[PDB]
Amino acid sequence: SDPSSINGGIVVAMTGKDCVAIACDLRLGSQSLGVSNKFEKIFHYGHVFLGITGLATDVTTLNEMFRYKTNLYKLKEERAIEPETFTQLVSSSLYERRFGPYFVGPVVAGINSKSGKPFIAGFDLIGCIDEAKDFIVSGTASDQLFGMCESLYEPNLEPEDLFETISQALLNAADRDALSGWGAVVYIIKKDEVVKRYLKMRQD
Amino acid sequence: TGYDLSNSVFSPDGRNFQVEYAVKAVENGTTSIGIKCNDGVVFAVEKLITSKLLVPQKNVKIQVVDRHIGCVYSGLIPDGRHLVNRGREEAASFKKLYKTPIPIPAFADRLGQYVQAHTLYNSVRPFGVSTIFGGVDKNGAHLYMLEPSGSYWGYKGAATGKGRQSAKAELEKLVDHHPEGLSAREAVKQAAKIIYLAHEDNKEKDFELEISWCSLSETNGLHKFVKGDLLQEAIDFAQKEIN
Amino acid sequence: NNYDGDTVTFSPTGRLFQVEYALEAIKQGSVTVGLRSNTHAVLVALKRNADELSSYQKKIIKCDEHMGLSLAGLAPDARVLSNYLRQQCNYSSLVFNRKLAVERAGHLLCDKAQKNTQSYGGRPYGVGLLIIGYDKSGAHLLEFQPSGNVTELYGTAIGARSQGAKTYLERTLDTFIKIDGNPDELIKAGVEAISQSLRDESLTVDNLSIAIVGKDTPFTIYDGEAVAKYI
Amino acid sequence: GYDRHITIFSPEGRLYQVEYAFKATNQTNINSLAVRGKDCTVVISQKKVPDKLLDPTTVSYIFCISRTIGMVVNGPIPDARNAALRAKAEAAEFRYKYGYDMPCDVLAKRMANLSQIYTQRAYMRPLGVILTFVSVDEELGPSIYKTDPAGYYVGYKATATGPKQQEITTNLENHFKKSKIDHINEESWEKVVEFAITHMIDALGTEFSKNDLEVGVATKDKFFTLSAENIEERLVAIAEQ
Amino acid sequence: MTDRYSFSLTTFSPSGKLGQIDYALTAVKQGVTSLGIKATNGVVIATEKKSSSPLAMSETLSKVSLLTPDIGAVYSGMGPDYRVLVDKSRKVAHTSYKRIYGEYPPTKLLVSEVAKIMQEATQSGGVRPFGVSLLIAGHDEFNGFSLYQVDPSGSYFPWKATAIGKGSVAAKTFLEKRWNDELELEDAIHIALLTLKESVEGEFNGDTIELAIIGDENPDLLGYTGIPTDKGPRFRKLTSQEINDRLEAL
Amino acid sequence: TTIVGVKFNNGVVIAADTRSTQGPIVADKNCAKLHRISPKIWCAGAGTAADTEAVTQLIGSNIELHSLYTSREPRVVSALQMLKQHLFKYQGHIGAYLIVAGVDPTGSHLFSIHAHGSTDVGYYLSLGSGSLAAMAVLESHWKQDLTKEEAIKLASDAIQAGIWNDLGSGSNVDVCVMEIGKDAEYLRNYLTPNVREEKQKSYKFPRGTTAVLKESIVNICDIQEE
Amino acid sequence: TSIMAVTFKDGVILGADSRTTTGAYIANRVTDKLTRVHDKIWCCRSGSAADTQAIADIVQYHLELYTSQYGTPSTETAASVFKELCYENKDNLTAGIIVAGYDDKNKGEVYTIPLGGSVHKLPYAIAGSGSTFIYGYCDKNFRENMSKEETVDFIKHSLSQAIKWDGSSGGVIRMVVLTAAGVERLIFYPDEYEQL
Amino acid sequence: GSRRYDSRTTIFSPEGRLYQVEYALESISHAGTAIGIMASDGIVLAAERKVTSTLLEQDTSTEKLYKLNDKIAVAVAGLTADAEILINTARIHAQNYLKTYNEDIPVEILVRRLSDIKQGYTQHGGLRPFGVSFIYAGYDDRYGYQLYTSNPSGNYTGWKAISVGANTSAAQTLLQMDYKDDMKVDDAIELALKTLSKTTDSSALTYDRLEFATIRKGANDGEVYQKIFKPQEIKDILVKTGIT
Ligand SMILES: *[B]([O])([O])[C]([C][C]([C])[C])[N]C(=O)[C]([C]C1=[C][C]=[C][C]=[C]1)[N]C(=O)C1=[C]N=[C][C]=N1
Ligand SMILES: *[B]([O])([O])[C]([C][C]([C])[C])[N]C(=O)[C]([C]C1=[C][C]=[C][C]=[C]1)[N]C(=O)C1=[C]N=[C][C]=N1
Ligand SMILES: [Cl-]
Ligand SMILES: [Cl-]
Ligand SMILES: [Mg+2]
Ligand SMILES: [Mg+2]
Ligand SMILES: [Mg+2]
Ligand SMILES: [Mg+2]
């Protein structure tokens with residue numbers, strides 16, 4: 001009944017020293033029934049990364065929408081969109097459906113190509129921007145993720161250390177949520193290289 | 001040239017020839033007048049008897065708007081009816097929102113703006129009538145005359161149609177000889193005379209006289225037609241003056 | 001000349017040529033006569049045929065139990081206007097339980113025709129109408145012109161050669177007005193009136209069309225052998 | 001030659017319908033003048049009642065647009081009243097939407113934009129009027145802003161409009177060359193009206209009775225027109241010195 | 001009523017010419033001279049305040065207009081057309097960009113939107129083209145400083161320096177000799193004043209000349225403090241006094 | 001949420017806490033509730049966060065266009081009128097509860113706005129879940145003819161009362177001062193009385209602690225030449 | 001809310017408390033419920049604050065536009081504009097408004113417009129939640145053609161009692177006097193009216 | 001009424017021609033020449049800017065060559081403002097297709113859509129047609145490298161080598177002479193520039209008077225790269241081919 005918890009899933013993002021990390025689980029289900037273990041929730045438009053939790057049809061629809069808009073942006077602007085600008089575009093796009101909203105929890109992550117500054121942001125389903133310094137959480141295990149992040153996180157972590165922190169935050173949060181898990185992906189993002197890692201986790 | 005072929009086009013003079021051509025239709029029409037009196041107004045019109053087959057006192061020309069405004073016009077009769085229909089809508093919406101009956105100056109502008117709007121586009125034709133109208137409101141008696149251009153002013157006496165010059169001359173005498181004012185019953189008598197005197201311009205066919213009036217004392221500020229004995233009294237007075 | 005291309009254009013002398021051209025279509029139409037007394041009102045119409053194989057075009061249309069008209073000019077325009085009258089008569093009955101006054105019916109036709117003479121794109125109606133009726137103020141006869149001008153009359157005629165019938169009625173004015181409580185004699189006067197507009201052709205059984213309305217007489221149309229009595 | 005019938009460009013880059021609308025402006029044969037005082041803005045205009053049958057009280061080309069804004073028109077009365085009604089509606093709407101009284105210059109711009117649209121859109125004709133707006137603005141003080149059929153508008157130290165505008169304009173120009181200030185240095189509005197009438201008399205070379213003039217005065221928080229008796233008092237003061 | 005002009009008033013003639021656009025350009029030719037020069041660290045735009053009357057207060061009429069905090073515009077041709085275009089240009093900068101991306105548009109894209117509006121008046125029903133040519137100077141983070149011309153057709157071109165209106169042919173020749181890629185903003189202002197003096201007949205001073213720049217950020221003109229990333233508008237209109245100071249070193 | 005507005009001698013000050021919540025969870029610890037409508041017109045927002053942001057941006061955008069159209073600095077009553085009519089039209093469904101303040105050519109002003117579109121005038125105002133705690137402080141310590149220094153102190157104290165006593169409010173105090181004839185100063189994190197203590201332990205993991213299945217480079221660059 | 005308007009010899013006086021409540025919390029203790037729609041046409045507002053403000057703002061706009069075209073409107077005209085808004089939007093509005101004004105021709109007039117959007121011209125009118133507690137008092141103590149001082153005392157005593165018994169009413173007693181002389185604002189504080 | 005001033009932009013002549021389309025083509029014949037040449041391993045787009053100035057900022061300028069998506073580009077001949085209206089519509093159409101089918105739009109489908117829009121203005125609406133002719137250069141996995149052209153009539157055709165704008169008669173004769181089917185991109189680049197150099201109304205062909213672009217599979221492995229040439233890069237290729 002509750003659109004935000006039919007399919008399940010989670011996304012978490014973290015900042016480090018000259019780097020950002022964004023991670024998600026791979027589950028898509030129909031309430032109790034597990035359907036797919038390959039449903040990735042993180043997408044990217046140029047160097048800007050977008051994770052989306054919530055209703056899976058809206059996750060797909062919004063990805064297609066932001067691909068659409070970022071492609072037109074690039075043709076007209078003659079440059080890739082930046083995380084700060086994309087964050088505003090997500091907010092604008094969500095608020096135009098104020099009284100008929102997409103049932104999603106988006107999370108933006110990336111590094112500004114000009115300033116080199118790490119950037120993360122979270123949103124509610126109607127467009128409100130949460131621009132945190134430390135971390136952003138989203139999905140059916142958001143309580144769990146808040147608890148993990150708030151204890152495990154420390155500032156200025158190196159890329160390879162940040163990977164361990166965000167991975168443990170996701171895994172242990174997912175294992176306390178029935179509608180999350182079934183695999184996980186972690187993106188480590190630096191100014192001009194991005195590494196993608198699939199995590200080994202319990203499959204129940 | 002070609003400036004006169006389309007409405008709302010300025011000629012090199014700065015003139016709208018289509019409106020000036022509408023005036024020619026007004027000048028071709030029968031004579032109609034208005035007289036402002038002490039506590040009201042009087043309207044009168046010339047009705048040409050084209051044939052014996054016309055039923056007397058049936059083809060009424062003067063029209064009422066709301067219950068306190070009288071309207072008469074010269075030129076294209078249907079255009080005048082269209083304008084009065086609009087006037088009635090304007091008066092109804094005013095009374096609907098503001099409760100009080102529409103003041104005469106307020107009513108005058110409603111017609112004025114509507115007629116003026118028909119000089120703004122080539123997709124419409126100007127009105128082929130000059131309308132004399134007025135009545136009694138909270139501030140007293142008012143008489144107006146409205147032209148095809150949308151131009152209107154307040155008047156002490158007004159006249160239009162084929163016998164307007166003759167009528168205007170007669171109205172000017174009344175203004176000079178009665179600075180303190182004219183009574184309602186006097187104005188009806190004078191109105192009858194002026195129409196009869198103005199009939200010399202349409203002397204081929206005989207005519208029928210039609211008079212109406214609004215007066216604070218005589219009609220309680222409501223528009224009424226002059227009928228029966230009071231009408232005959234005015235006709236007798238008029239017939240006596242021409243002889 | 002240069003000012004007759006559309007209805008939205010006055011001429012330099014203040015004339016509307018498209019309206020005048022519409023008026024011309026009536027003069028080409030077949031003659032029809034209207035007259036009334038105090039009790040009854042009568043329409044008489046000379047129907048026109050295309051040829052000997054063709055039927056005679058109907059001229060008279062019923063609008064209500066107490067009202068109807070005869071046409072001269074473009075017949076389809078008479079159908080549009082008569083349909084409008086039917087609706088207006090019908091609105092008066094359904095909403096106010098009130099038979100529509102003949103004078104008010106004329107006012108409604110005037111205003112409908114007027115809108116077509118002041119707006120761009122449209123055209124004036126190309127037909128003249130003679131409306132008869134019996135309402136709360138007795139018998140009535142109206143003449144409609146597509147300029148918008150509607151006139152209440154004792155008697156009249158419109159169409160080709162209508163001047164002859166109109167003169168006759170102007171002489172007979174004092175006689176036929178007094179024909180009260182006698183429908184047949186009032187029709188006789190109407191048939192004799194329309195006869196003054198005839199040349200070459202005469203009134204035959206399928207040529208003549210008569211209608212009547214009165215005090216205790218609903219609007220009824222007579223055609224065929226029903227009018228042989230009056231020939 | 002249909003480029004002279006509607007508002008499209010001629011080969012010279014001109015809009016003839018706009019130019020002919022400017023010529024309609026002088027059809028009334030009336031001259032108007034506007035000047036600024038310290039605390040006030042005064043506008044005067046010739047009043048001509050040729051017909052004896054006219055009610056002279058109703059013959060006017062000055063309009064009370066809002067409590068603060070007044071407007072005098074040069075041009076035919078139908079177009080004048082069209083512009084007046086619109087300005088009143090715009091001024092009222094502005095107050096409702098934005099919570100404060102519409103400034104004189106802002107109304108002038110709005111009406112000028114509407115006029116511009118008629119010069120660009122074919123189905124709408126220009127209005128054959130010049131609109132002179134006057135007020136004492138709460139920010140800018142005494143204000144005179146004038147609009148024309150081209151959609152042009154600008155603020156003024158003083159201005160004149162009509163058939164004999166140039167004679168009045170030069171007369172005013174020469175005064176401000178002497179005083180070297182942007183206004184009439186005078187405390188009371190009564191004396192500013194006297195200045196306005198005096199300089200119109202000198203420029204036109206005609207004397208005025210009480211019924212030959214029409215006067216509008218803008219002060220802080222209200223605009224008002226003078227009666228025939230108020231003008232008479234003004235004419236007496238001029239004659240006595 | 002109804003707008004029954006649903007057809008184009010600008011059409012191709014047998015020779016392939018769009019008459020109304022050509023005639024609009026002729027109206028621009030009659031217009032007062034305006035110019036723009038681009039420097040390394042700024043842009044300057046300038047024009048003559050041709051006062052219609054000495055009684056008229058020429059300060060109230062603004063020929064040079066702020067569109068965004070970092071973009072300005074000047075014109076040659078019909079003033080009223082320019083005024084409404086500025087209103088539409090300011091609005092479209094918000095509706096089609098700022099309300100979407102949370103930031104002001106880059107110069108080229110705002111120019112593109114203005115160009116679109118002018119193109120539509122060349123093709124849409126019942127309208128004539130705008131009788132103006134615009135010069136739009138602006139700055140943005142990724143493109144730096146830029147200067148654009150926009151014509152009645154809707155066509156726009158980027159310029160290092162240019163002039164439009166009355167004496168544009170002579171003014172463009174004058175700019176070709178003086179312009180180089182190492183000009184500082186003050187040097188461009190100096191050249192702008194020299195170029196503009198040639199086309200002006202009468203008085204030449206701060207009160208008869210209108211001049212604005214796109215240059216350094218002006219935190220003093222921002223109106224508030226407390227946000228480091230907001231450093232103020234790059235658009236600044238030069239005062240009457242500031243112009244006269246540079247006319248002494250002329 | 002605790003937001004307040006306090007008038008003083010030569011202007012007006014507004015303040016706000018920085019906590020955003022979704023149910024019993026804190027969504028953002030350092031949320032920015034002071035919004036700029038125009039350079040010298042600022043407003044604090046309570047209720048639905050997206051709504052307070054959106055309605056402020058929209059009116060702020062139209063206020064800017066209005067300022068350019070009229071060649072005048074914007075007025076607080078204009079922002080007030082545009083906000084109330086927008087909110088009234090949406091019949092309270094746009095959940096924005098605002099304290100609108102500013103200085104303009106008319107003077108200094110302070111208003112409140114509720115979601116259904118009703119406005120109120122006052123020398124001191126408070127909105128949000130912590131408004132009762134804040135209003136208790138304002139009603140106890142407010143006086144006429146406050147100085148700039150006293151008004152900031154009173155405003156921040158009112159927010160603190162919300163921070164400590166209302167569970168819907170917390171973290172930091174944001175302030176904006178708008179004085180007549182001066183630039184408005186936005187004091188982001190004016191007070192910071194809720195810094196988290198040092199943790200007992202570092203939870204930095206040894207590298208290789210997490211089990212990995214696959215690795216790959218992600219192509220973020222465009223299609224390449226040659 | 002406790003509001004009233006009372007006609008008297010020299011004109012009319014409007015009166016109101018200053019309390020706005022959200023349930024039992026007093027959201028505003030110094031509210032001004034006496035609002036101006038024209039120079040000498042004012043109204044007392046009760047019910048929804050948002051609704052009555054929106055209505056009053058629209059009426060002020062209508063009367064400002066009326067004045068520009070037709071000159072000063074009558075109090076009856078102002079009441080009719082209120083009625084039109086209240087009647088036609090009755091399903092969506094909660095507004096109890098008393099309209100009071102001073103003409104020179106008609107002198108002091110009072111029109112009350114309850115929830116349904118009906119209009120009632122009365123010598124005096126009372127409305128709002130607190131009015132219930134003073135129907136007895138006001139009916140017994142009202143006289144026609146009172147003096148200014150008597151009318152002020154009548155309103156002060158009436159609203160004092162309404163405030164005393166109604167939880168939704170309180171604060172200061174505001175009053176607006178409408179006469180030929182002009183417009184006068186009066187205020188009365190708790191210490192004054194409670195001891196009555 | 002308004003009928004008086006209607007030019008009637010969508011009617012036939014007695015000969016069965018569309019007046020406005022024909023006159024729009026006459027306009028385009030005065031525009032700067034644009035050439036497209038399709039090779040086995042890529043496509044070339046070359047175009048001449050019209051009588052430029054030394055004070056024109058070239059490196060930020062774009063009047064001829066526009067990008068529709070990553071796979072498709074166009075060369076413009078005619079009114080630039082008209083072209084940009086259509087270009088933005090085409091960009092949107094490509095994105096609509098990508099959103100719907102999750103695949104890049106086939107070149108012909110994009111071309112047909114734009115060509116249909118142009119057709120509409122010749123048959124209904126009473127508006128003037130777009131005074132624009134396009135050369136479409138694009139790639140998809142069905143037909144590979146493709147060249148198309150469209151004109152104000154809304155008619156489109158496929159080409160191996162084609163020119164639009166000024167001196168197309170002379171240009172097409174030269175292309176028809178030297179073009180061969182087994183030709184490569186580097187050779188096509190040379191042919192395009194040589195053809196412009198002979199047909200140009202200017203005294204000499206220089207880097208500042210040109211816009212140039214290629215669509216190559218010359219991208220790292222199975223994919224397509226669009227290269228819009230910079231002023232310095234156009235200057236280098238002019239020296240390489242031996243024109244300057
Ligand atoms: B405060 O409590 O009024 C605060 C002020 C806001 C402008 C930052 N509001 C909130 O924190 C609201 C509470 C709320 C929850 C649910 C529905 C409506 C209101 N929170 C949010 O708007 C919110 C919650 N989670 C994410 C983003 N925004
Ligand atoms: B009064 O109590 O009717 C009062 C009059 C209002 C115009 C200021 N109304 C209110 O206080 C209403 C609630 C109410 C109470 C009693 C009867 C009817 C209605 N309050 C509000 O409208 C309100 C409260 N808080 C914020 C915004 N609006
Ligand atoms: Cl506008
Ligand atoms: Cl209230
Ligand atoms: Mg699990
Ligand atoms: Mg399981
Ligand atoms: Mg026009
Ligand atoms: Mg109480």
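All values below were derived from every heavy atom in this structure, side-chain atoms included, with hydrogens, water molecules and symmetry-related copies excluded. Throughout, protein chains are lettered first and strands after them, A, B, ... in sequence-line order, and every chain is numbered starting at 1.
Side chains of E:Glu48 and E:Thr33: no donor on one and acceptor on the other come within 3.5 Å. With no hydrogens or angles considered, no side-chain donor-acceptor pair links E:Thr10 and E:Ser8 at under 3.5 Å. Between the side chains of H:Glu84 and E:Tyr156, a donor-acceptor pair is found at a separation under 3.5 Å. At a cut-off of 3.5 Å, with distance as the only test, no side-chain donor of A:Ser92 or E:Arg99 sits close to an acceptor on the other residue. When only modelled atom types and interatomic distance are considered, E:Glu184 and E:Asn41 share a side-chain donor-acceptor pair under 3.5 Å. Of the N and O atoms on the side chains of D:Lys97 and F:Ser78, not one donor lies less than 3.5 Å from an acceptor on the other residue. Between F:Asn62 and F:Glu64, the side chains place no donor N or O within less than 3.5 Å of an acceptor N or O (distance only, hydrogens not considered).
Shown are E:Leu67, E:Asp70, E:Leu110; of these, the side chain to side chain contact (heavy atoms under 4.5 Å, CB included) with E:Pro105 is made only by E:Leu110.
Ring planes of H:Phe229 and H:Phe212: perpendicular class, angle over 60° (limits at 30 and 60°).
Rounded to the nearest 0.5 Å, atoms OG1 (E:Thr229) and CD (A:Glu84) are 10.0 Å apart. Note that the CD atom of E:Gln20 and the CD atom of E:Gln123 stand 14.5 Å from one another [nearest 0.5 Å]. In this structure, NZ in E:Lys116 is found 13.0 Å from NZ in E:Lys88, a value given to the nearest 0.5 Å. From H:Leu86, atom CG reaches atom NE2 of H:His93 across 10.5 Å, with rounding to the nearest 0.5 Å. One finds the OH atom of F:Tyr69 at 11.0 Å from the CZ atom of E:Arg90 (value rounded to the nearest 0.5 Å).
Within the 4.5 Å cutoff, no side-chain heavy atoms of F:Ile37 are placed close to those of F:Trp42. Between H:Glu63 and H:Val76, every side-chain heavy-atom pair lies at or beyond the 4.5 Å cut-off.
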**OP:** Evaluate side chain to side chain contact (heavy atoms under 4.5 Å, CB included) for H:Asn69 paired with H:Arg91, printing each intermediate quantity in order.
**Re:** CA-CA 7 Å; H:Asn69 65 2; H:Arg91 285 173 176 178; over 6 Å; no
Original post:
Run the side-chain hydrogen bond (donor to acceptor under 3.5 Å, both in side chains) check on E:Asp151 and E:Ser133 step by step: do they pass?
Top reply: CA-CA 5 Å; E:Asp151 280 353; E:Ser133 281; 2.9 Å; yes
**OP:** Take E:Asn143 and H:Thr60 through the test side chain to side chain contact (heavy atoms under 4.5 Å, CB included) and record every step on the way to the result.
**Re:** CA-CA 9 Å; E:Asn143 295 284; H:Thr60 61; over 6 Å; no
**OP:** Could you please spell out the steps behind the ring-ring contact (aromatic ring centres under 6.0 Å, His included) verdict for E:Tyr23 and D:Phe9?
**Re:** CA-CA 6 Å; E:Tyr23 305 159; D:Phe9 288 113; 7.9 Å; no
Original post:
Do E:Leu222 and E:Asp230 pass the side chain to side chain contact (heavy atoms under 4.5 Å, CB included) test, and can you show the C-alpha distance, the side-chain angles, and the key distance before you say yes or no?
Top reply: CA-CA 8 Å; E:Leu222 184 52; E:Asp230 295 354; 4.1 Å; yes
**OP:** Starting from the C-alpha separation in whole Å, work towards a yes-or-no answer on side chain to side chain contact (heavy atoms under 4.5 Å, CB included) for H:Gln226 and H:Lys67.
**Re:** CA-CA 9 Å; H:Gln226 280 176 322; H:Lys67 201 173 286 187; 3.2 Å; yes
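When ring centroids are compared, F:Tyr186 and F:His35 stay outside the 6.0 Å threshold. Aromatic rings from E:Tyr148 and E:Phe157 are positioned such that their centres are separated by 6.0 Å or more. The aromatic ring centres of A:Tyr45 and A:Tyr73 sit 6.0 Å or more apart.
Cation-pi check for E:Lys38 over E:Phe145 is not met; the charged atom does not lie both under 6.0 angstrom from the ring centroid and within 45 degrees of its normal. Cation-pi check for E:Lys98 over E:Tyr104 is met; the charged atom lies under 6.0 angstrom from the ring centroid and within 45 degrees of its normal.
Minimum heavy-atom separation, H:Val132 to H:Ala83: CG2-N, 3.5 Å.
Distance alone, capped at 3.5 Å, is enough to place a donor-acceptor pair between the E:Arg83 side chain and the D:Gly151 backbone. With hydrogens and angles disregarded, a donor-acceptor distance shorter than 3.5 Å links the side chain of E:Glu210 to the backbone of E:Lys63. Between the side chain of E:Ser76 and the backbone N or O of E:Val32 there is at least one donor-acceptor pair closer than 3.5 Å.
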